[PDB]
**Q** 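Before I ask anything, let me first share the structure, which is written out below as structure tokens.
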Amino acid sequence: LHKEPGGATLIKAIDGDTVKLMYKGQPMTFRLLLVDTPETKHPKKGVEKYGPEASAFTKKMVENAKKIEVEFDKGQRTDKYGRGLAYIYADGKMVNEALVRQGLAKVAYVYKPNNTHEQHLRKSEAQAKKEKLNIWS
Ligand SMILES: Cc1cn([C@H]2C[C@H](OP(=O)(O)O)[C@@H](COP(=O)(O)O)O2)c(=O)[nH]c1=O
Ligand SMILES: [Ca+2]
């Protein structure tokens, strides 16, 4: 994979795994690859436990970053909702992994070929589960 040249700027973090960014001068909604943070918006699931916590975590991490970078995987770059599918980095730390390492997201929606960081993220999930962190508490 390679990060896209430069970085994006934050417009609005919507919840733990979805953020709107100004990416190449276009406002874009991005959904984080290979993770799921708990739901806070859609009424069918309601506000899931650790949903508020995952949102605050993502928001702080992207708001305090000097540099936000976007890395696409090898397959499709947008999902069926028109959301960009990427690994997002806040000063070179992957948000997707940070969330999983905190037990604030589960590794989910693994669709080949978009699975380059799947084993890295599953190792972080394993560590959060053996530490009983948050979702795994
Ligand atoms: C992360 C990811 C989600 N999605 C879809 C799967 C789910 O579709 P359905 O809504 O039809 O269940 C939804 C999960 O996103 P949310 O967690 O934002 O709801 O987004 C993809 O299509 N590809 C991806 O790589
Ligand atoms: Ca989610």
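One-based numbering along the sequence shown.
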**Q** Is NZ or CZ of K67 both nearer than 6.0 Å to the six-membered ring centre of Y89 and within 45° of the ring axis?
**A** no

**Q** Please test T37 against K106 for side-chain contact (heavy atoms from CB on, under 4.5 Å), starting from the C-alpha separation and ending with a verdict.
**A** CA-CA 7 Å; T37 49; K106 295 180 173 180; over 6 Å; no

**Q** Under a 3.5 Å cutoff, is there a donor and acceptor pairing between the side chains of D73 and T116?
**A** yes

**Q** So, do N115 and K74 sit near enough that their side-chain heavy atoms are less than 4.5 Å apart?
**A** yes

**Q** Indicate the atoms forming the closest heavy-atom contact of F30 with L85, along with that distance.
**A** CD2-N, 4.4 Å

**Q** Are there more than 12 heavy atoms of other residues, nucleotides or ligands under 6.0 Å from atom NZ of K20?
**A** no

**Q** If you look at every heavy atom in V70 and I88, which pair is closest and at what distance?
**A** CG2-CD1, 3.7 Å

**Q** Rounded to the nearest 0.5 Å, how far apart are OH of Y50 and CG of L104?
**A** 9.0 Å

**Q** Could you give me the CA-CA distance, side-chain angles and deciding distance for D15 and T58, then say whether side-chain contact (heavy atoms from CB on, under 4.5 Å) is met?
**A** CA-CA 7 Å; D15 67 354; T58 298; over 6 Å; no

**Q** Assess whether atom NZ of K93 is packed by more than 12 heavy atoms of other residues, nucleotides or ligands within 6.0 Å.
**A** no

**Q** Aromatic rings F72 and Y23: how do their planes relate, parallel, tilted or perpendicular, breaks at 30° and 60°?
**A** perpendicular

**Q** Does atom NZ of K123 have more than 12 heavy-atom neighbours, drawn from other residues, nucleotides or ligands, at distances under 6.0 Å?
**A** no

**Q** Might you work through the side-chain contact (heavy atoms from CB on, under 4.5 Å) test for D36 and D17, ending with a clear yes or no?
**A** CA-CA 6 Å; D36 188 42; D17 60 20; 3.3 Å; yes

**Q** Nearest 0.5 Å please: distance from the OG1 atom of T18 over to the NZ atom of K12.
**A** 12.0 Å

**Q** What pair of heavy atoms forms the shortest contact from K41 to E39, and how long is it?
**A** N-OE2, 2.9 Å

**Q** Within this structure, what is the CD-CG distance for the pair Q119 and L121, rounded to the nearest 0.5 Å?
**A** 9.0 Å

**Q** In the structure I gave you, are the side-chain heavy atoms of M94 and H120 within less than 4.5 Å of one another anywhere?
**A** yes

**Q** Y111 vs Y109 aromatic rings, parallel, tilted or perpendicular, using cut-offs 30° and 60°?
**A** tilted

**Q** More than 12 heavy atoms of other residues, nucleotides or ligands under 6.0 Å from NZ of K3: is that the case?
**A** yes

**Q** Report whether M22 and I68 are members of the same hydrophobic cluster (ILVMFWY, side-chain heavy atoms less than 4.5 Å apart, transitive linking).
**A** no

**Q** Between CZ of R122 and CD of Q127, what distance do you get to the nearest 0.5 Å?
**A** 15.5 Å

**Q** What closest approach, in Å, do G75 and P113 show between heavy atoms, and which atom pair accounts for it?
**A** CA-CG, 3.5 Å

**Q** Given the rule that I, L, V, M, F, W and Y join up when any side-chain heavy atoms are under 4.5 Å apart, are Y87 and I14 in one cluster?
**A** no

**Q** Test side-chain contact (heavy atoms from CB on, under 4.5 Å) on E4 and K24 and set out the steps.
**A** CA-CA 10 Å; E4 289 298 287; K24 288 183 178 157; 2.8 Å; yes

**Q** Any non-hydrogen side-chain atom of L10 less than 4.5 Å from a side-chain atom of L21?
**A** yes

**Q** Just by modelled atom types, is the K129 backbone N or O under 3.5 Å from a matching donor or acceptor in the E131 side chain?
**A** no

**Q** Any chance you could lay out the side chain to side chain donor-acceptor pair (under 3.5 Å) test for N134 and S137, step after step, and finish with the verdict?
**A** CA-CA 5 Å; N134 289 306; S137 61; 5.9 Å; no

**Q** Of all heavy-atom pairs between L32 and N96, which one has the smallest distance, and what is that distance?
**A** CB-ND2, 3.5 Å

**Q** Write down the atom of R101, the atom of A128, and the distance for their closest heavy-atom approach.
**A** O-CB, 3.4 Å

**Q** Is there side-chain contact between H117 and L1, with heavy atoms separated by less than 4.5 Å?
**A** yes

**Q** Report yes or no: do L133 and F57 belong to one cluster of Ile/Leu/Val/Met/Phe/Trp/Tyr joined by side chain heavy-atom distances under 4.5 Å?
**A** no

